$ cat query32.pdb   # PDB, C-alpha atoms (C1' of nucleotides) and all ligand atoms
ATOM      1  CA  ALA A   1      19.138 118.478 -49.121
ATOM      2  CA  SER A   2      19.476 117.778 -52.860
ATOM      3  CA  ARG A   3      16.085 115.990 -53.050
ATOM      4  CA  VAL A   4      17.622 112.942 -54.756
ATOM      5  CA  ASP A   5      17.597 109.260 -53.911
ATOM      6  CA  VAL A   6      20.939 107.617 -53.230
ATOM      7  CA  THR A   7      22.324 104.081 -53.026
ATOM      8  CA  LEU A   8      25.529 103.039 -51.266
ATOM      9  CA  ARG A   9      27.501 100.119 -52.657
ATOM     10  CA  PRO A  10      30.669  98.473 -51.291
ATOM     11  CA  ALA A  11      33.878  99.706 -52.882
ATOM     12  CA  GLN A  12      37.651  99.797 -52.433
ATOM     13  CA  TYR A  13      38.994 103.303 -53.008
ATOM     14  CA  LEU A  14      41.878 104.904 -51.127
ATOM     15  CA  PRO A  15      42.225 106.702 -48.792
ATOM     16  CA  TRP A  16      39.183 104.851 -47.426
ATOM     17  CA  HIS A  17      39.183 101.634 -45.408
ATOM     18  CA  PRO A  18      38.509  98.882 -48.007
ATOM     19  CA  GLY A  19      35.974  97.211 -45.703
ATOM     20  CA  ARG A  20      34.270 100.415 -44.503
ATOM     21  CA  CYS A  21      33.926 102.326 -47.772
ATOM     22  CA  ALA A  22      30.780 102.965 -49.799
ATOM     23  CA  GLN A  23      30.596 104.373 -53.304
ATOM     24  CA  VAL A  24      27.603 106.692 -53.659
ATOM     25  CA  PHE A  25      25.347 106.348 -56.705
ATOM     26  CA  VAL A  26      22.458 108.486 -57.936
ATOM     27  CA  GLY A  27      20.754 106.126 -60.331
ATOM     28  CA  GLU A  28      23.664 104.401 -62.063
ATOM     29  CA  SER A  29      26.004 107.422 -61.846
ATOM     30  CA  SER A  30      28.777 107.421 -59.258
ATOM     31  CA  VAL A  31      28.940 110.711 -57.367
ATOM     32  CA  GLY A  32      31.465 110.064 -54.607
ATOM     33  CA  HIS A  33      32.588 107.971 -51.652
ATOM     34  CA  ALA A  34      32.187 107.854 -47.881
ATOM     35  CA  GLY A  35      33.179 105.852 -44.842
ATOM     36  CA  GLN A  36      36.137 105.428 -42.521
ATOM     37  CA  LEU A  37      39.644 106.278 -43.681
ATOM     38  CA  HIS A  38      42.278 103.590 -44.114
ATOM     39  CA  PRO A  39      44.229 102.801 -40.912
ATOM     40  CA  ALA A  40      47.534 102.947 -42.810
ATOM     41  CA  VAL A  41      46.584 106.363 -44.210
ATOM     42  CA  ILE A  42      45.598 107.537 -40.718
ATOM     43  CA  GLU A  43      48.935 106.559 -39.161
ATOM     44  CA  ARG A  44      51.136 107.909 -41.966
ATOM     45  CA  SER A  45      49.198 111.198 -41.970
ATOM     46  CA  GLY A  46      49.116 111.749 -38.205
ATOM     47  CA  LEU A  47      45.301 111.705 -38.193
ATOM     48  CA  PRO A  48      43.053 110.726 -35.278
ATOM     49  CA  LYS A  49      42.241 107.040 -35.136
ATOM     50  CA  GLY A  50      38.909 106.192 -36.722
ATOM     51  CA  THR A  51      38.685 109.382 -38.800
ATOM     52  CA  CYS A  52      35.862 109.211 -41.338
ATOM     53  CA  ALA A  53      35.314 111.174 -44.525
ATOM     54  CA  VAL A  54      32.883 111.819 -47.359
ATOM     55  CA  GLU A  55      33.408 113.548 -50.699
ATOM     56  CA  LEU A  56      30.775 114.003 -53.394
ATOM     57  CA  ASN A  57      30.817 115.728 -56.776
ATOM     58  CA  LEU A  58      27.876 118.132 -56.620
ATOM     59  CA  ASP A  59      27.927 118.669 -60.386
ATOM     60  CA  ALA A  60      27.371 114.927 -60.880
ATOM     61  CA  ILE A  61      24.198 115.087 -58.741
ATOM     62  CA  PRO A  62      21.295 115.964 -61.074
ATOM     63  CA  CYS A  63      18.887 118.722 -60.123
ATOM     64  CA  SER A  64      15.391 117.591 -59.136
ATOM     65  CA  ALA A  65      12.126 119.544 -58.996
ATOM     66  CA  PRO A  66       9.595 116.990 -57.726
ATOM     67  CA  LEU A  67       5.869 117.615 -57.273
ATOM     68  CA  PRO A  68       4.754 115.039 -54.695
ATOM     69  CA  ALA A  69       1.155 113.879 -54.354
ATOM     70  CA  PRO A  70       1.339 111.443 -51.438
ATOM     71  CA  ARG A  71      -1.275 108.755 -50.905
ATOM     72  CA  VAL A  72      -2.608 109.214 -47.360
ATOM     73  CA  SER A  73      -4.938 106.353 -46.465
ATOM     74  CA  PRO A  74      -6.908 106.888 -43.223
ATOM     75  CA  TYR A  75      -7.699 103.180 -42.790
ATOM     76  CA  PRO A  76      -6.030 101.185 -39.989
ATOM     77  CA  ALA A  77      -2.608  99.626 -40.477
ATOM     78  CA  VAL A  78      -1.501  96.046 -39.786
ATOM     79  CA  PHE A  79       1.855  95.582 -38.057
ATOM     80  CA  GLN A  80       3.910  92.441 -38.664
ATOM     81  CA  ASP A  81       7.574  91.504 -38.255
ATOM     82  CA  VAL A  82       9.544  89.099 -40.449
ATOM     83  CA  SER A  83      12.873  87.504 -39.487
ATOM     84  CA  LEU A  84      15.023  86.431 -42.445
ATOM     85  CA  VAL A  85      18.276  84.447 -42.466
ATOM     86  CA  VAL A  86      20.772  85.200 -45.249
ATOM     87  CA  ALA A  87      24.474  84.774 -45.893
ATOM     88  CA  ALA A  88      26.577  87.187 -43.860
ATOM     89  CA  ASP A  89      27.798  89.140 -46.913
ATOM     90  CA  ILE A  90      24.334  89.749 -48.407
ATOM     91  CA  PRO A  91      23.760  93.510 -47.971
ATOM     92  CA  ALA A  92      20.747  94.328 -45.810
ATOM     93  CA  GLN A  93      19.540  96.808 -48.443
ATOM     94  CA  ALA A  94      19.285  94.004 -51.023
ATOM     95  CA  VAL A  95      17.134  91.953 -48.637
ATOM     96  CA  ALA A  96      14.870  94.932 -47.922
ATOM     97  CA  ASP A  97      14.440  95.656 -51.644
ATOM     98  CA  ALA A  98      13.482  92.025 -52.242
ATOM     99  CA  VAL A  99      10.968  92.135 -49.376
ATOM    100  CA  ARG A 100       9.511  95.375 -50.739
ATOM    101  CA  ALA A 101       9.239  94.010 -54.288
ATOM    102  CA  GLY A 102       7.154  91.046 -53.146
ATOM    103  CA  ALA A 103       4.955  92.779 -50.586
ATOM    104  CA  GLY A 104       3.271  94.923 -53.240
ATOM    105  CA  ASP A 105       1.355  98.150 -52.745
ATOM    106  CA  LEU A 106      -0.073  97.198 -49.338
ATOM    107  CA  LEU A 107       3.377  97.710 -47.786
ATOM    108  CA  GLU A 108       3.568 101.257 -46.408
ATOM    109  CA  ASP A 109       6.772 101.123 -44.339
ATOM    110  CA  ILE A 110       9.645  98.681 -43.825
ATOM    111  CA  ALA A 111      12.363  99.133 -41.208
ATOM    112  CA  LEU A 112      15.310  96.959 -40.207
ATOM    113  CA  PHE A 113      15.709  96.861 -36.428
ATOM    114  CA  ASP A 114      17.811  93.753 -35.682
ATOM    115  CA  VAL A 115      20.927  92.169 -37.213
ATOM    116  CA  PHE A 116      21.901  89.005 -35.361
ATOM    117  CA  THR A 117      24.651  86.409 -35.647
ATOM    118  CA  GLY A 118      25.330  83.436 -33.416
ATOM    119  CA  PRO A 119      25.192  79.669 -32.939
ATOM    120  CA  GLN A 120      21.388  79.745 -33.122
ATOM    121  CA  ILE A 121      21.705  81.037 -36.701
ATOM    122  CA  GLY A 122      24.699  79.124 -38.044
ATOM    123  CA  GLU A 123      28.149  79.852 -39.430
ATOM    124  CA  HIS A 124      28.553  82.445 -42.195
ATOM    125  CA  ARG A 125      24.904  83.477 -41.738
ATOM    126  CA  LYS A 126      23.070  86.424 -40.243
ATOM    127  CA  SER A 127      19.466  87.071 -39.253
ATOM    128  CA  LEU A 128      17.671  90.292 -40.204
ATOM    129  CA  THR A 129      14.332  91.281 -38.668
ATOM    130  CA  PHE A 130      12.210  93.939 -40.372
ATOM    131  CA  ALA A 131       9.186  95.768 -38.996
ATOM    132  CA  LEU A 132       6.460  95.823 -41.662
ATOM    133  CA  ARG A 133       3.460  98.171 -41.693
ATOM    134  CA  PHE A 134       0.696  97.244 -44.141
ATOM    135  CA  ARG A 135      -2.231  99.488 -45.040
ATOM    136  CA  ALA A 136      -5.003  99.391 -47.623
ATOM    137  CA  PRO A 137      -6.154 102.489 -49.544
ATOM    138  CA  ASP A 138      -9.905 101.811 -49.356
ATOM    139  CA  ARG A 139     -10.615  99.369 -46.506
ATOM    140  CA  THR A 140      -9.525  98.059 -43.123
ATOM    141  CA  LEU A 141      -6.894  95.448 -43.964
ATOM    142  CA  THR A 142      -7.442  92.050 -42.349
ATOM    143  CA  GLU A 143      -4.720  89.933 -40.760
ATOM    144  CA  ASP A 144      -5.071  87.352 -43.538
ATOM    145  CA  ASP A 145      -4.703  89.985 -46.265
ATOM    146  CA  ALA A 146      -1.548  91.266 -44.575
ATOM    147  CA  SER A 147      -0.191  87.744 -44.049
ATOM    148  CA  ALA A 148      -0.712  86.983 -47.743
ATOM    149  CA  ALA A 149       1.334  90.094 -48.525
ATOM    150  CA  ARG A 150       3.973  89.080 -45.970
ATOM    151  CA  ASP A 151       4.251  85.570 -47.438
ATOM    152  CA  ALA A 152       4.717  87.059 -50.914
ATOM    153  CA  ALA A 153       7.536  89.248 -49.584
ATOM    154  CA  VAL A 154       9.210  86.197 -48.019
ATOM    155  CA  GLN A 155       8.967  84.376 -51.356
ATOM    156  CA  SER A 156      10.527  87.365 -53.128
ATOM    157  CA  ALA A 157      13.470  87.561 -50.726
ATOM    158  CA  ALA A 158      13.954  83.800 -51.056
ATOM    159  CA  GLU A 159      14.234  83.970 -54.848
ATOM    160  CA  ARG A 160      16.417  87.100 -54.953
ATOM    161  CA  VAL A 161      18.860  86.850 -52.018
ATOM    162  CA  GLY A 162      18.260  83.294 -50.834
ATOM    163  CA  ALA A 163      16.554  84.365 -47.610
ATOM    164  CA  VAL A 164      15.207  81.664 -45.292
ATOM    165  CA  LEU A 165      12.397  82.313 -42.827
ATOM    166  CA  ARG A 166      13.780  82.188 -39.295
ATOM    167  CA  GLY A 167      12.721  79.133 -37.307
TER     168      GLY A 167
ATOM    169  CA  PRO B   1      85.141  82.667 -33.171
ATOM    170  CA  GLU B   2      83.349  80.621 -35.875
ATOM    171  CA  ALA B   3      79.604  80.689 -35.139
ATOM    172  CA  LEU B   4      78.343  80.642 -38.732
ATOM    173  CA  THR B   5      76.582  77.288 -38.214
ATOM    174  CA  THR B   6      75.503  77.501 -34.549
ATOM    175  CA  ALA B   7      74.327  81.138 -34.375
ATOM    176  CA  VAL B   8      73.179  82.206 -37.848
ATOM    177  CA  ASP B   9      71.664  78.846 -38.803
ATOM    178  CA  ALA B  10      70.195  78.315 -35.324
ATOM    179  CA  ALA B  11      68.398  81.671 -35.665
ATOM    180  CA  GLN B  12      67.261  81.432 -39.302
ATOM    181  CA  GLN B  13      65.276  78.275 -38.414
ATOM    182  CA  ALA B  14      63.794  79.686 -35.172
ATOM    183  CA  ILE B  15      62.817  82.947 -36.922
ATOM    184  CA  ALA B  16      61.057  81.169 -39.792
ATOM    185  CA  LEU B  17      59.316  78.904 -37.260
ATOM    186  CA  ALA B  18      57.573  81.824 -35.526
ATOM    187  CA  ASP B  19      54.023  82.449 -36.767
ATOM    188  CA  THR B  20      53.100  85.196 -34.272
ATOM    189  CA  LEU B  21      54.498  88.629 -33.471
ATOM    190  CA  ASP B  22      54.632  87.462 -29.858
ATOM    191  CA  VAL B  23      56.582  84.311 -30.738
ATOM    192  CA  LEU B  24      58.888  86.344 -32.984
ATOM    193  CA  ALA B  25      59.403  88.862 -30.169
ATOM    194  CA  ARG B  26      60.885  86.167 -27.922
ATOM    195  CA  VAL B  27      63.113  84.784 -30.690
ATOM    196  CA  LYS B  28      64.411  88.335 -31.193
ATOM    197  CA  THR B  29      65.891  88.808 -27.716
ATOM    198  CA  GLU B  30      67.175  85.213 -27.611
ATOM    199  CA  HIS B  31      68.947  85.245 -30.995
ATOM    200  CA  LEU B  32      69.557  88.959 -31.742
ATOM    201  CA  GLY B  33      69.069  90.707 -28.390
ATOM    202  CA  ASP B  34      71.756  92.233 -26.218
ATOM    203  CA  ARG B  35      72.167  88.896 -24.402
ATOM    204  CA  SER B  36      72.413  86.946 -27.677
ATOM    205  CA  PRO B  37      75.499  84.931 -28.686
ATOM    206  CA  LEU B  38      75.707  86.968 -31.899
ATOM    207  CA  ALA B  39      75.855  90.116 -29.770
ATOM    208  CA  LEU B  40      78.816  88.741 -27.804
ATOM    209  CA  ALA B  41      81.031  88.973 -30.901
ATOM    210  CA  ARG B  42      80.662  92.753 -31.209
ATOM    211  CA  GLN B  43      80.831  93.321 -27.438
ATOM    212  CA  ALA B  44      84.391  91.921 -27.628
ATOM    213  CA  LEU B  45      85.277  93.082 -31.150
ATOM    214  CA  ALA B  46      87.580  95.904 -29.986
ATOM    215  CA  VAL B  47      89.817  93.840 -27.664
ATOM    216  CA  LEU B  48      91.214  92.200 -30.827
ATOM    217  CA  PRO B  49      94.492  93.401 -32.430
ATOM    218  CA  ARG B  50      89.159  93.508 -37.648
ATOM    219  CA  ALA B  51      89.752  93.427 -41.391
ATOM    220  CA  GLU B  52      89.888  89.687 -41.975
ATOM    221  CA  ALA B  53      87.304  88.846 -39.299
ATOM    222  CA  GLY B  54      85.090  91.929 -38.994
ATOM    223  CA  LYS B  55      83.444  91.476 -42.386
ATOM    224  CA  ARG B  56      83.004  87.798 -41.469
ATOM    225  CA  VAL B  57      81.488  88.627 -38.071
ATOM    226  CA  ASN B  58      79.319  91.452 -39.424
ATOM    227  CA  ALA B  59      78.061  89.094 -42.139
ATOM    228  CA  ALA B  60      76.767  86.855 -39.339
ATOM    229  CA  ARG B  61      74.476  89.664 -38.149
ATOM    230  CA  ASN B  62      73.703  91.014 -41.632
ATOM    231  CA  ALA B  63      72.294  87.565 -42.482
ATOM    232  CA  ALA B  64      70.473  87.120 -39.160
ATOM    233  CA  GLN B  65      68.949  90.597 -39.371
ATOM    234  CA  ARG B  66      67.464  89.901 -42.812
ATOM    235  CA  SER B  67      65.684  86.817 -41.464
ATOM    236  CA  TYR B  68      64.114  88.821 -38.633
ATOM    237  CA  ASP B  69      63.266  91.765 -40.903
ATOM    238  CA  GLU B  70      61.754  89.653 -43.692
ATOM    239  CA  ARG B  71      59.746  87.698 -41.104
ATOM    240  CA  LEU B  72      58.611  90.744 -39.111
ATOM    241  CA  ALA B  73      57.309  92.544 -42.204
ATOM    242  CA  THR B  74      55.663  89.321 -43.395
ATOM    243  CA  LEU B  75      53.889  88.742 -40.079
ATOM    244  CA  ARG B  76      53.041  92.454 -39.955
ATOM    245  CA  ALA B  77      51.500  92.217 -43.429
ATOM    246  CA  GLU B  78      49.466  89.175 -42.373
ATOM    247  CA  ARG B  79      48.324  90.984 -39.224
ATOM    248  CA  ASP B  80      47.391  94.195 -41.054
ATOM    249  CA  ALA B  81      45.568  92.342 -43.839
ATOM    250  CA  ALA B  82      43.571  90.359 -41.262
ATOM    251  CA  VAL B  83      42.410  93.431 -39.330
ATOM    252  CA  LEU B  84      40.938  94.924 -42.515
ATOM    253  CA  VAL B  85      38.824  91.864 -43.330
ATOM    254  CA  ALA B  86      37.742  91.559 -39.690
ATOM    255  CA  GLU B  87      36.612  95.216 -39.723
ATOM    256  CA  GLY B  88      34.317  94.852 -42.733
ATOM    257  CA  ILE B  89      30.783  96.198 -42.375
ATOM    258  CA  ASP B  90      27.596  96.268 -44.431
ATOM    259  CA  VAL B  91      27.795  99.803 -45.836
ATOM    260  CA  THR B  92      24.131  99.576 -46.921
TER     261      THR B  92
ATOM    262  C1'   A C   1      76.200 127.374 -33.112
ATOM    263  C1'   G C   2      72.561 123.111 -32.916
ATOM    264  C1'   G C   3      69.002 118.828 -35.136
ATOM    265  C1'   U C   4      68.614 112.951 -30.052
ATOM    266  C1'   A C   5      61.569 108.693 -28.035
ATOM    267  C1'   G C   6      54.994 111.352 -30.337
ATOM    268  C1'   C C   7      56.543 116.578 -28.185
ATOM    269  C1'   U C   8      60.172 119.410 -25.185
ATOM    270  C1'   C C   9      65.521 118.600 -23.667
ATOM    271  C1'   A C  10      70.901 116.342 -21.412
ATOM    272  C1'   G C  11      74.513 112.854 -22.833
ATOM    273  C1'   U C  12      77.562 109.459 -25.981
ATOM    274  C1'   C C  13      84.344 112.775 -29.486
ATOM    275  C1'   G C  14      84.445 104.557 -34.292
ATOM    276  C1'   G C  15      82.705  98.497 -31.965
ATOM    277  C1'   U C  16      75.948  97.074 -25.907
ATOM    278  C1'   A C  17      71.421 104.929 -27.044
ATOM    279  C1'   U C  18      73.576 106.812 -20.376
ATOM    280  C1'   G C  19      69.310 109.013 -19.741
ATOM    281  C1'   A C  20      65.398 112.167 -17.842
ATOM    282  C1'   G C  21      60.372 115.671 -18.069
ATOM    283  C1'   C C  22      55.739 115.748 -20.515
ATOM    284  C1'   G C  23      52.645 112.674 -23.297
ATOM    285  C1'   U C  24      50.723 107.548 -24.195
ATOM    286  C1'   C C  25      49.396 102.819 -22.247
ATOM    287  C1'   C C  26      48.991  99.978 -17.870
ATOM    288  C1'   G C  27      48.001  98.714 -12.419
ATOM    289  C1'   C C  28      46.912 101.503  -7.085
ATOM    290  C1'   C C  29      43.083 105.421  -5.902
ATOM    291  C1'   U C  30      37.465 106.900  -7.468
ATOM    292  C1'   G C  31      30.721 104.335  -8.589
ATOM    293  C1'   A C  32      33.317 106.785 -12.671
ATOM    294  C1'   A C  33      36.763 111.170 -13.192
ATOM    295  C1'   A C  34      40.758 114.963 -12.510
ATOM    296  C1'   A C  35      45.019 115.257  -9.592
ATOM    297  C1'   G C  36      48.487 112.302  -7.357
ATOM    298  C1'   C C  37      51.980 108.352  -6.497
ATOM    299  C1'   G C  38      53.923 103.334  -9.016
ATOM    300  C1'   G C  39      55.648 100.958 -13.338
ATOM    301  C1'   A C  40      55.872  99.968 -18.507
ATOM    302  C1'   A C  41      56.067 100.726 -23.708
ATOM    303  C1'   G C  42      59.037 104.140 -26.344
ATOM    304  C1'   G C  43      65.003 106.024 -29.486
ATOM    305  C1'   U C  44      67.966 103.832 -39.276
ATOM    306  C1'   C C  45      70.560 110.104 -33.025
ATOM    307  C1'   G C  46      68.471 115.572 -40.032
ATOM    308  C1'   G C  47      68.375 113.640 -45.727
ATOM    309  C1'   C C  48      71.875 112.035 -49.256
ATOM    310  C1'   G C  49      76.332 109.677 -49.615
ATOM    311  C1'   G C  50      81.317 108.471 -48.965
ATOM    312  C1'   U C  51      85.603 106.639 -45.215
ATOM    313  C1'   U C  52      85.667 101.845 -42.456
ATOM    314  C1'   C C  53      85.198  94.998 -41.303
ATOM    315  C1'   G C  54      81.724  98.237 -38.454
ATOM    316  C1'   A C  55      79.335 105.204 -38.192
ATOM    317  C1'   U C  56      74.590 108.927 -33.857
ATOM    318  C1'   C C  57      80.418 110.187 -33.352
ATOM    319  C1'   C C  58      85.071 111.470 -38.644
ATOM    320  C1'   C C  59      84.831 113.653 -44.140
ATOM    321  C1'   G C  60      81.341 115.881 -48.746
ATOM    322  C1'   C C  61      76.712 118.016 -50.147
ATOM    323  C1'   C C  62      71.891 119.730 -48.807
ATOM    324  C1'   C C  63      67.093 120.465 -45.785
ATOM    325  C1'   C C  64      65.943 122.929 -41.104
ATOM    326  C1'   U C  65      65.951 127.662 -36.895
ATOM    327  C1'   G C  66      68.568 132.196 -34.178
TER     328        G C  66
HETATM  329 MG    MG A 201      -0.426  91.794 -36.308
HETATM  330 MG    MG A 202      -1.594  91.466 -33.445
HETATM  331 MG    MG A 203      79.633 117.174 -22.298
HETATM  332 MG    MG A 204      65.078 107.027 -20.085
HETATM  333 MG    MG A 205      63.772 104.506 -18.920
HETATM  334 MG    MG A 206      51.734 100.274 -19.353
HETATM  335 MG    MG A 207      58.736 104.234 -32.901
END

$ encode --input "query32.pdb" --output "structure tokens"
Amino acid sequence: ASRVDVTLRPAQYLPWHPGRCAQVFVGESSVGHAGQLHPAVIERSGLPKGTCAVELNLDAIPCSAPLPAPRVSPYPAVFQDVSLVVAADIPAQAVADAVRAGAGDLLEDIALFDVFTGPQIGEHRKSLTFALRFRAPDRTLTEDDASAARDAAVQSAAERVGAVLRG
Amino acid sequence: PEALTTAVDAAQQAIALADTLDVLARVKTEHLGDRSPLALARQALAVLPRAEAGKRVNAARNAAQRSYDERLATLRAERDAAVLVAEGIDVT
RNA sequence: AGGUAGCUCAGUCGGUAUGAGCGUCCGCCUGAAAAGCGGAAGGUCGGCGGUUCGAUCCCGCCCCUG
């Protein structure tokens, strides 16, 4: 509604649950918090179990007047999925940003659709699987061109968050 | 009587030995419950002709209550702290 | 005059809170419910302090409602 981008980072800030609390940033400026309230706060206050809350400072959110000019390529897209294993406390957003940074301009959309833990993965690890949609601006992208972009994304996530290709 | 070594000391070692709220719940009714030996002193504390023994009998429960209270809160703190870490999520 | 379990209410006039109703949880019932039975969990007895070996009970002050 404010036409701004927003990042959520882990934080500990009462009355929020210290493990279910995000601090909200616009750029590098904190603007509020969100998540589930602390269970001790909930009981002492007579609140429903699992109550969640969000509070933002509107005056800390800068006003934006963007003038978009989206690139709309009509050429076919290539769909590929990548399954990456990382440590269990590596935020999924950091893995996605690393994948995006390596994929380059051919990457049109990235979406996380599976977070998996288990004996197949290993202790203290988790597996994330992203759906990737590649598209070229001037040509029909080939499977090899997309795979080269996928491999570069895997290399980026490896260097930045220690991701390992799922085997 | 004189149960300062067989009732207070027998409970302060069984209370500190419990590492679970379920284990501590059983030690409660066995050493401080209504059927406890320490409870038998107060159940027959009015059939006595008080001043020289009441503060010595009450001190047997004032010392056994502290062991249960300082262990209950400790195990409650460990339980509450463990639920919070087990409920962590990736907020991103 | 009273304050008593999460709520609504009896009791206990110094030395094991006697208890209910609702609610909550848990089994019976239902594919699952509601309702019903059945049982369980559930009580520093208003704060602050004295008196006392020991206070829900007696004394001082104050919050609370008619
Ligand atoms: Mg393909
Ligand atoms: Mg294909
Ligand atoms: Mg009467
Ligand atoms: Mg009852
Ligand atoms: Mg009963
Ligand atoms: Mg039950
Ligand atoms: Mg209670």

$ resolve_selection --input "query32.pdb" --expression "the PyMOL selection byres (((not hetatm)) within 9 of (chain A and resi 206))" --output "list in words"
residues 24, 25, 26, 27, 39, 40 and 41 of chain C

$ interface_residues --input "query32.pdb" --of "chain B" --to "chain C" --cutoff "6 Å" --atoms "only C-alpha atoms (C1' of nucleotides)" --output "MDAnalysis selection string"
chainID B and resid 46 50:51 54:55

$ residues_near_ligand --input "query32.pdb" --ligand "ligand MG 202 (chain A)" --cutoff "12 Å" --atoms "all atoms listed in the file" --output "ChimeraX atom specification"
/A:77-81,133,142-144,146-147

$ write_last_selection --input "query32.pdb" --atoms "C-alpha atoms" --output "compact mmCIF listing (two decimals), keeping the file's coordinate frame"
# COMPACT_ATOMS: atom_id res chain seq x y z
CA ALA A 77 -2.61 99.63 -40.48
CA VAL A 78 -1.50 96.05 -39.79
CA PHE A 79 1.86 95.58 -38.06
CA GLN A 80 3.91 92.44 -38.66
CA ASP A 81 7.57 91.50 -38.26
CA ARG A 133 3.46 98.17 -41.69
CA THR A 142 -7.44 92.05 -42.35
CA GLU A 143 -4.72 89.93 -40.76
CA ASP A 144 -5.07 87.35 -43.54
CA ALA A 146 -1.55 91.27 -44.58
CA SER A 147 -0.19 87.74 -44.05

$ atom_distance --input "query32.pdb" --atom1 "CA of residue 84 (chain B)" --atom2 "CA of residue 162 (chain A)"
26.8 Å

$ resolve_selection --input "query32.pdb" --expression "the PyMOL selection byres (((chain B and resi 11) around 12) and not hetatm)" --output "ChimeraX atom specification"
/B:3-10,12-18,24,26-33,36-38,60-61,63-68,71

$ interface_residues --input "query32.pdb" --of "chain A" --to "chain B" --cutoff "7 Å" --atoms "all atoms listed in the file" --output "MDAnalysis selection string"
chainID A and resid 8:10 19:22 91:93

$ resolve_selection --input "query32.pdb" --expression "the PyMOL selection byres (((not hetatm)) within 12 of (chain A and resi 207))" --output "list in words"
residues 43 of chain A; 5, 6, 41, 42, 43 and 44 of chain C

$ write_last_selection --input "query32.pdb" --atoms "C-alpha atoms (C1' of nucleotides)" --output "PDB file, keeping the file's coordinate frame"
ATOM      1  CA  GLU A  43      48.935 106.559 -39.161  1.00  0.00           C
TER       2      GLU A  43
ATOM      3  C1'   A C   5      61.569 108.693 -28.035  1.00  0.00           C
ATOM      4  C1'   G C   6      54.994 111.352 -30.337  1.00  0.00           C
ATOM      5  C1'   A C  41      56.067 100.726 -23.708  1.00  0.00           C
ATOM      6  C1'   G C  42      59.037 104.140 -26.344  1.00  0.00           C
ATOM      7  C1'   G C  43      65.003 106.024 -29.486  1.00  0.00           C
ATOM      8  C1'   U C  44      67.966 103.832 -39.276  1.00  0.00           C
TER       9        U C  44
END

$ residues_near_ligand --input "query32.pdb" --ligand "ligand MG 204 (chain A)" --cutoff "9 Å" --atoms "all atoms listed in the file" --output "PDB file with C-alpha atoms (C1' of nucleotides), in the frame of the given file"
ATOM      1  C1'   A C   5      61.569 108.693 -28.035  1.00  0.00           C
ATOM      2  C1'   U C  18      73.576 106.812 -20.376  1.00  0.00           C
ATOM      3  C1'   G C  19      69.310 109.013 -19.741  1.00  0.00           C
ATOM      4  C1'   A C  20      65.398 112.167 -17.842  1.00  0.00           C
TER       5        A C  20
END

$ atom_distance --input "query32.pdb" --atom1 "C1' of residue 7 (chain C)" --atom2 "CA of residue 53 (chain A)"
27.3 Å

$ atom_distance --input "query32.pdb" --atom1 "CA of residue 167 (chain A)" --atom2 "CA of residue 134 (chain A)"
22.8 Å

$ residues_around --input "query32.pdb" --residues "residue 13 (chain A)" --least-positions-apart "4" --cutoff "10 Å" --atoms "all atoms listed in the file" --output "list in words"
residues 17, 18, 19, 21, 22, 23, 33, 34, 37 and 38 of chain A

$ residues_around --input "query32.pdb" --residues "residue 129 (chain A)" --least-positions-apart "2" --cutoff "8 Å" --atoms "only C-alpha atoms (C1' of nucleotides)" --output "PDB file with C-alpha atoms, in the frame of the given file"
ATOM      1  CA  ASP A  81       7.574  91.504 -38.255  1.00  0.00           C
ATOM      2  CA  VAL A  82       9.544  89.099 -40.449  1.00  0.00           C
ATOM      3  CA  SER A  83      12.873  87.504 -39.487  1.00  0.00           C
ATOM      4  CA  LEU A  84      15.023  86.431 -42.445  1.00  0.00           C
ATOM      5  CA  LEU A 112      15.310  96.959 -40.207  1.00  0.00           C
ATOM      6  CA  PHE A 113      15.709  96.861 -36.428  1.00  0.00           C
ATOM      7  CA  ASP A 114      17.811  93.753 -35.682  1.00  0.00           C
ATOM      8  CA  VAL A 115      20.927  92.169 -37.213  1.00  0.00           C
ATOM      9  CA  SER A 127      19.466  87.071 -39.253  1.00  0.00           C
ATOM     10  CA  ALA A 131       9.186  95.768 -38.996  1.00  0.00           C
TER      11      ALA A 131
END

$ closest_residue --input "query32.pdb" --among "A:71, A:46, A:85, A:165" --to "chain C" --atoms "only C-alpha atoms (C1' of nucleotides)"
A:46

$ residues_near_ligand --input "query32.pdb" --ligand "ligand MG 203 (chain A)" --cutoff "9 Å" --atoms "all atoms listed in the file" --output "list in words"
residues 10, 11 and 12 of chain C

$ axis_aligned_box --input "query32.pdb" --around "region 119-127 of chain A" --padding-each-side "6 Å" --output "JSON"
{"center_x": 24.0, "center_y": 83.1, "center_z": -37.6, "size_x": 21.1, "size_y": 19.9, "size_z": 21.3}

$ residues_around --input "query32.pdb" --residues "residue 8 (chain C)" --least-positions-apart "5" --cutoff "12 Å" --atoms "all atoms listed in the file" --output "list in words"
residues 20, 21, 22 and 23 of chain C

$ decode --input "query32.pdb" --residues "region 113-125 of chain A" --atoms "C-alpha atoms" --output "short mmCIF file (atom, residue, chain, number, x, y, z; two decimals), in the first residue's frame"
data_model
loop_
_atom_site.label_atom_id
_atom_site.label_comp_id
_atom_site.auth_asym_id
_atom_site.auth_seq_id
_atom_site.Cartn_x
_atom_site.Cartn_y
_atom_site.Cartn_z
CA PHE A 113 7.92 -23.88 -2.65
CA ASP A 114 9.52 -26.51 -0.38
CA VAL A 115 11.41 -26.43 2.94
CA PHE A 116 12.43 -29.92 4.02
CA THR A 117 14.27 -31.43 6.97
CA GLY A 118 14.93 -35.08 7.72
CA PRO A 119 17.42 -37.95 7.82
CA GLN A 120 17.85 -37.77 4.04
CA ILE A 121 19.24 -34.24 4.49
CA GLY A 122 21.26 -34.51 7.70
CA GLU A 123 21.31 -32.99 11.17
CA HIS A 124 21.18 -29.20 11.56
CA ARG A 125 20.47 -28.86 7.82
#
